[PDB]
């Protein structure tokens, strides 16, 4: 059944999920437009961790002897301390990582931080590391602008939908949102310089890769996602070889049938 | 909210076995079962009554019964359905066939 | 209905299904004694020549992309980027 | 396909228009009078009588003639015949509606039973959907049992407006066997609704009435749900089976027609002979029966029309019913050529993406290559080699659409190839093929492998690609299909090849791994405890084929 | 050997359009019938020789097509017609969308 | 076949195919309101002999030319009986050589023709095209000798009431006047 | 009467000819399967105009073999007679049952009894003819006929015409 | 908007659709004790201007019928009072991408 029920469904060139009529089913395959294949469990560091740790890790204040980047990291470090026009970028960045937090904590209440997402950034850097034999001793050479102003310019090229209007170029920001959070998370000034001493080279590379490795994870207009989805479920429904409620195969049967008289009706009230 | 439940429930039927399935799939299904209006069942009594052409619903549980009432009310079939084409021996609009390929005679000159 | 080469909206990149079919299609022709637009570095397997024509982007074909409502967009093997 | 060329342009089916046959067309189309019920024997003489099957329909006996249409057997689809009934009959599957329609319209003047006037009605006549605009109307008229002459307009319930006339009460109706009956209400009045009647009331129904009801002026008018002229499927739909000559072999269908025919003539010869008025409607049921069973046999009205020996009878419907039949078991899935199956076994010496094809099969299965300067040589060699040695071939085909059977033909070793000709050759090392293990319920239950011709008799697949097919070697069998178009292969190697299937989307993670020996063993070999000495280390190195030669 | 529902469902999955058609046609059924561009039926009396074509009833000689379809399907249709139902085969879409 | 600029949505019952006659009722394929490829509307195209002779010639010629643009890698002279040869050549060059029809169309078209100058034929057109008359008439008129309104309005009944005898007669006067000699 | 109708055709091209000058081959094949053709719905396709600006559009590649299919949109000079059309031609054949006049690419025949009365048929003539008080009709003589009815057939179109009306006869 | 307690008389209710344009709606006390829109599950909806709508179609090249629908009786549809034809934009959270925009036309 599952199969006969979704044959006709596939991802159409506009990046919508429709059947044989034209009826939209998903306006973006998987609420994100990514081909399941290109996805891995990553961690949204921004979420978990005391309000304390957060600061000590993502906070940068160029107007303070103890909350600034020690020049032992940035080439133009000593000549930054105090600069007021930077502290605004630096502060924008933080009032954002901050928004990200709340946002995430509004979506994933559990506090669970590990989720499937496109482009494995953890590893994308790991390579950058030993690919330029980055030494943890000497300092970087990134302008604070270099960083914060490229991370932004990055998000700009992570296109899923391409439309030439608003209603479309707006769904865009959406289908990406979750990703960027992870993104802004891993490419935060402090981090970028204190944890993984990237040079400008390393960075500009880490950036190129992400963009293209992302544009690869998109979903190909052609995939017959309907059938797929079906199988993906029915399949593991065959490997099912069998705390006191209707559970499993007989259940799944119930569900699909939209049965009114379920053996177990339960209901949890908090 | 219902969808959110239908999904949630279904998800629990696959997790209770320690197996993992990527959202998107159960999502899609849960969605198919819900767009239309309320709760459309994955059964002969539901999704097999929808505006989908005849020949497609033909290939499932009511066959002749469904065909009969097709010439009766003179239905028209788009032949946009997977099944449809399969029955005709035609290349269906699926992956490899979600488009057409042409010989641009123009570019077929600068190539020499 | 058609669509101007501008206002274009599809994916700048070639879909696997496309490329897959182009090579095939192209092979088929090459295998049929169609003219080959690249120097055969000595190749002799059509689908292999096809892989070559496709890397020097010298395949004279055009992928018409029908949309859900019928309108289409036309891209050339030339244009379309090939990551994969 | 078919062979022989046709100046007829060629297209693809784009729309499918489902209609109902108008006795009128049915006639037009036919080429067969079909008056007799017999089969052939023009007084035992073999051939066929201008009676049933071939009063010009298709043919048999390997003889051109198909209404001069020649071409013979293969290439002459059937050519429908017709057979004028004696009296109108119901359409076994439509009965259900023919009824519901009458309960929707009253006889005598034949017209709707609710017009724009009744308000609850308007809201129904707007529902754009013949499938619901009907199951609505009906629900509103099944109750009305009086063909009203005047109703209270959009104004005063005092004032009464006039429309159609004849308040002849409407009778409720029930289904008894293959006939419709209704009462007219002190005390009821039960009479049988003669087909001959229904037809009429329908014939008269209005054009905007058709449509208002789920119908279509051009393709399906209700008056057609009632059969008057019966199409007669030609041989190919109901072919025979000869045991050479002087015997039989007729198909089940060719009998219910034979029946229907009998039951049709017996009737007729009564309306023109001693017609004992109501001793006829006892043989008009028989027709209604046959002309009904012919199409359906699994009714609730019991009698299965068991054919001598108590064998059920294959109603046309039955041939299409789910599974094992046409739709589901012939069209949605088929037996196919260029396919092999045997037992599978592990062989830790094949690359992942390969698959051991036994020589026996590599020599059986073939691939149509097209002669090209690039190959000519290689190809002529295979052709020279013959269909018995391995790397060889077994069929050459020139432009003239003729098969040269390499195993016979006095020109076996001769032949000069011609650019354009094709050479069915043997499957060879590296021809991509689709391998698979039923039950198929994964993209991966079917993947493409590199063919590696090997001895002995078993498909030898790599171990790690085991779990996707979900197979054991405890005697499990697998199927192999062989591509055919240079573009066909393309689709296998570019989307179906195993290496591509490695990371499964059904669970955004890889789907093949390392098991048994390799696994178990890979651990031991790892341990801090485990040390290896020169003599071996060296061999091990040698085994990894991509070793850079740097001890 | 068998290439049934399930094995199809996978090719659709794979998105292997052509290969599917191939198993389904060129490697099994495959048949060349004629139609009337008027009444979408197999009626047509093709004498592939003297090119004569006709189709009395809808009466033609000019508007005629040739299509390739799985014999099983032809039969599906013929069987349907015999049950008095008409399967129209048209080579052009007039309903749009 | 050779398809024709409009897809007449044939709904099964193909029956009504009217009569073909000088009632100006010509096959559906020849109404006066047909469609051009560009997708526009355009009056029918009525060619009167010796106008056709020029149009056929025109292309058959510009054909020979562009038929040599690729081989690298108002008066004339009384080409009568002279034109019979001068054309047979244009053919044995740019024709199918098995177009016995065209040969025979060029003879007829060139023997019965009534004009030699694309200038004379030009006026013929600039004249009749003021009538509002339908193309098939504005053709039969151009390629048919006519002295009286009767010889006309009889061999072209579709005229009968669409024009006074007097006028249709002036036009006939100016026809034999322009009628190039031989 | 002769027309210039806007037509279009479909040519299936084998990959073989997918050359550099394909356009060339197409056109050429257009002209082989058109100039000299005949239909009841178009009449006589006599000549393709504007050889140059012939629109080819983009052709699509079929799907089993590589043959591509282009819808060639052209324009040409056609000619299909009608019932009630008045045209004059050159006589060709003349027998006891009548003479056949040749109007253009077509051949219209006139029945002895579809002619007038005072006109008889002289068999003992050479070449064969039809005599009258003052008129003499034979081989090369030019006549003006009124087409009474048409009949389409294979690759041609014949038709019967009369010379029994007025302003009809020789010229 | 009228609020009945235990119920209304079936003789009464059939008097609402008798004075157009004007529109009326009927709500039981017991169903308004809790705002259904505050429930963990039910995400927030939004009415779309007959302008914002005629746009949603033009941007997805959609026909009205190919759009995901919501019931005329659907709880939330009443909380906002939709009308056969009015479209709603459903904006919810997603474990695949924070926010997902969806639409529901009415029937």
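Order of writing sets the labels: A, B, C, D, E, F, G and H. Residues in every chain begin at 1.
The rule is simple: a residue touches a chain if its C-beta (ideal position, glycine included) is under 8 Å from a C-beta of that chain, and two chains touch if they have at least 3 such contacts.
The chains in contact with subunit E as well as with subunit F are D, G.
Between the chains D-E lie more C-beta contact pairs than between any other two chains. Rounded to whole angstrom units, the spacing between the C-alpha centres of subunit A and subunit C is 33. Remark: subunit B and subunit H have CA centroids separated by 28 Å (rounded to whole angstrom).
Averaged C-alpha coordinates give centres for subunit C and subunit G that are 45 Å from one another.
Averaged Cα coordinates give subunit A a centre that lies 73 Å from the centre of subunit F. The set of subunit E residues that touch two or more partner chains comprises 8-9, 12-18, 21, 24-26, 29-30, 39, 58, 62, 68-70, 73, 76, 83, 85-87, 92-95, 97. For subunit A, residues that reach two or more other chains under the stated contact definition are 7, 12-14, 16, 18, 21-25, 30-32, 36, 39, 116, 163, 221-224, 228, 231-232, 236.
Residues of subunit G in contact with two or more other chains: 10, 18, 20, 39, 41, 58, 60-61, 63-64.
Those residues of subunit C that touch subunit G in the complex are listed here as 25, 28-30, 32-35, 61-62, 64, 74. By the touch rule above, subunit F contacts subunit D in their complex via residues 1, 11-13. By the touch criterion stated above, subunit H contacts subunit C in their complex at residues 61-63. Contacts from subunit D toward subunit C in the complex involve residues 370, 372, 374-375, 419-420, 485-491, 493-495. If you check the complex, the residues on subunit F that touch subunit E are 1, 7, 9-10, 12, 14.
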